[PDB]
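Asker: Note that the protein sequences, when read in sequence, are chains Y and U.
According to the UniProt record's numbering, the stretch in the first sequence is residues 4 to 126, in order.
According to the UniProt record's numbering, the stretch in the second sequence is residues 4 to 172, in order.
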Amino acid sequence: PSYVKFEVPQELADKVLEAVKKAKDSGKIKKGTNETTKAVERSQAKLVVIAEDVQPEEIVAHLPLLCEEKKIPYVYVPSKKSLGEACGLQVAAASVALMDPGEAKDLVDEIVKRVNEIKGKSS
Amino acid sequence: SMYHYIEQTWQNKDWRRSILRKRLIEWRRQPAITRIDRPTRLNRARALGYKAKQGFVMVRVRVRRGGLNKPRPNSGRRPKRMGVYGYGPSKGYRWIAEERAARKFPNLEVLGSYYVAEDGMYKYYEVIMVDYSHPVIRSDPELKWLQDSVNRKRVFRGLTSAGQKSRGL
RNA sequence: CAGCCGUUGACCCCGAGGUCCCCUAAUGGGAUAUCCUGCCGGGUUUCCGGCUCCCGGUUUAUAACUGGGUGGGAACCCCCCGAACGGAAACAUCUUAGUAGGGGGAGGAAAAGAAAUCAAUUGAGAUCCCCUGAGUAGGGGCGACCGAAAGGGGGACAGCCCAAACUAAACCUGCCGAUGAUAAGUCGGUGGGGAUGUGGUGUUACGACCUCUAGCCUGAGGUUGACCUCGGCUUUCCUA
RNA sequence: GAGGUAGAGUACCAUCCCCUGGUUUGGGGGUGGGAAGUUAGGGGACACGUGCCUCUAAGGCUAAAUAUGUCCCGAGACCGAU
RNA sequence: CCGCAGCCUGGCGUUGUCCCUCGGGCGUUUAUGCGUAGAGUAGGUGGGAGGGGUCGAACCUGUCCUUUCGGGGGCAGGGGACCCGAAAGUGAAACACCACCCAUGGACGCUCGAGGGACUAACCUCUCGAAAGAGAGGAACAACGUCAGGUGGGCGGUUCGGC
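(1) Exposed or buried, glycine 115 (chain U), counting other C-beta atoms within 10 Å across all chains shown (16 or more means buried)?
(2) Name the two residues that bound the continuous alpha helix (DSSP H) containing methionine 132 (chain U).
(3) Who are the near neighbours of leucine 23 (chain U) in its chain, counting only those whose CB is closer than 6 Å to its CB and skipping five residues on each side?
(4) For chain Y, is any of its Cβ atoms less than 8 Å away from the one on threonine 43 (chain U)?
(5) Taking 8 Å as the CB-CB limit, is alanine 64 (chain Y) close to chain U?
(6) Between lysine 41 (chain Y) and chain U, is there a C-beta pair that is closer than 8 Å?
(7) Report the three-state DSSP secondary structure of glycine 79 (chain U) (helix, strand or coil).
(8) In chain order, what residues of the same chain lie with their CB nearer than 6 Å to the CB of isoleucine 36 (chain U), ignoring the 5 residues before and after it?
(9) Since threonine 40 (chain Y) and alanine 97 (chain Y) should fall inside the 8 Å C-beta cutoff, what is the C-beta to C-beta distance between them, to a whole number of angstroms?
(10) Please state the DSSP three-state secondary structure of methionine 61 (chain U).
(11) Determine which residues share a DSSP beta bridge with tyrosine 8 (chain U) and list them.
(12) With DSSP run on the structure shown, which of helix, strand or coil describes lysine 34 (chain Y)?
(13) Following a CB-centred definition, is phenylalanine 9 (chain Y) positioned closer than 7 Å to any heavy atom of the ligand FMN?
(14) Would you list the residues sitting across from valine 78 (chain Y) in a DSSP beta bridge?
Shown next as structure tokens:
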């Protein structure tokens, strides 16, 4: 795809899936892209998720660029269907956001460290 | 409001066009008429009331560019009405798009249309297409109008937005 | 001619039914045959149901199977394509003319319908048709000719939904059973669709609408002058 | 009081063509370019500028007021069997 | 008398990437200037008698390039600090600082030509392939659309005076 710039390893992705599913009860998590983008526009986003299997690619293509100047980190996950299951949704999910990391805060921060250190190597 | 940002990338000019050129080629391989389960640029489709609820569908179609496909006359005529070059199909291609699109699924009805891409040899459009016989839409208060007959086959009489546009209201 | 039905209520007329061959848009398949001819499932003697292009479901991801757009109709209506004859005393621009006619598609009416409208001393207030405005404006070898609008006067005069900001699964829908007057709805199980956006409020200009802040302002209850929950009300649907 | 929303190849422009009075001024289409988008735009007879005035499209949908005789009642300065 | 097909050429769009020589430029990067009178390189207009000055100068001594070898311009060390005048000439003066123009060369991202070349990914031709998809040759051409010009009894309407 073209809307994704840097590759994310599965093991990194796997942790995110475990990270988000924990937030089912403690943290506050946005589901559905509309509930995300404005919150991202509200600069209230701690971390956001962008699916690698979107169709067409433009459906969420704006999200990385906006988060740039907003200086808010973002993560990728290949299986958007899992994320819908991951967010406790009976159907697929393409965009979810993390207002607060809830219980996996430390897990989140390591992920932020994980992605950012890759970003440094990603130039 | 994703729909606000979808064209923020693609408002008039973006390197998105290079990507679509790749999509442009593969579509020429695709049939001249086909069904896409999810409409492309929702900023238009939802702007035409399309609801992802069961009972709607998306269709793509292409047409050839150029002036009108008009034959030369042969009888005795005055020069006024017998020239050929410069003619054009008076009713717009945006209009014509739904027409052949309408014929494809007569058990449905057309509402609105738009193009998404265009090269020098073809024009590519996307059209909302609605089932009225579905026992879902049958009970909608918000579209109860469609239960009547008169809403049928409208595009052929030009009661769609394109028809109104072709009529220059 | 001959015979019968009729006072056990005929024939007739009204309504409700029942039958209702073949081709035919004819659609199991085929047709220069108003005719022949298969495949399933049903009971079964006679026989009965289903079999182009689609929409949404069953089952494998191509196999069949569940459930619902075609043609005609006197004129009329809408929309695309689009003539010559003549006239100019000729004729080529023009006009005759978007009529004759072609194609598509409806209904009992259609179309259109809520201004990016006008006009002009700061006014009116959807559309349509009728009478005027008016052969006025304006167009054209300035030739035949074509030809408005605004306003006024009449008729009926009805005006509501969507996208966005903003709520965010609070959503719609198949079947079965119960209930419900069989309706709608609700209930229990079910199947489908849906964050790639259902449902909730709302769509208008010297602004409108939404959110937040602050202040004032309802019958019961509670909460901390203030807030909230349950009242009437608006819209919609359902027909016994 | 503060903040936010308010429809794109759409408007618009050049060109060719079509038609309507629309004429250096209208609407439609083809072709090529091509915006702003609320602190937006358009319109107010050539163009441009300035002020003043009024509307908000590029999606819907809509009661009635009129078009007609395949037909059915009624009437008639309509004809009497070429 | 003309009109319309078709044809030829060219422009625009479907039109991509590397270039390549030269001529153009676009927004930039920079650096180079003696008709005579005179301390002397006044190229021509501006604000400007102050500008440089451990917020580093005058002096002479060489390495170096150039030029009407006239002469100016760029090098650090030797030198730790000095010169132009509001004063003398020039139809037009300050190598007092900073600007504009002409004029010489190279380069940067972009554009156009005289053009030329190359590639393939568009696209075209063909084949295989049930489909999906694959392979082979040309090629940003061709072909199409559109526009213009040249040709155009191939087709269409017409007139072919009057006495």
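A virtual CB, placed ideally from N, CA and C, is assigned to each residue, including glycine.
Answerer: By the coordinates alone:
(1) buried
(2) Looking at the DSSP string, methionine 132 (chain U) is not in any alpha helix (DSSP H); the run it does join, the beta strand (DSSP E), is 125-134.
(3) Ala120
(4) yes
(5) yes
(6) yes
(7) coil
(8) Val64 and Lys107
(9) In fact, because the Cβ distance is near 12 Å, the residues do not count as touching under 8 Å.
(10) strand
(11) None; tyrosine 8 (chain U) has no bridge partner.
(12) strand
(13) This structure simply doesn't include the ligand FMN, nor any ligand for that matter.
(14) Y:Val52
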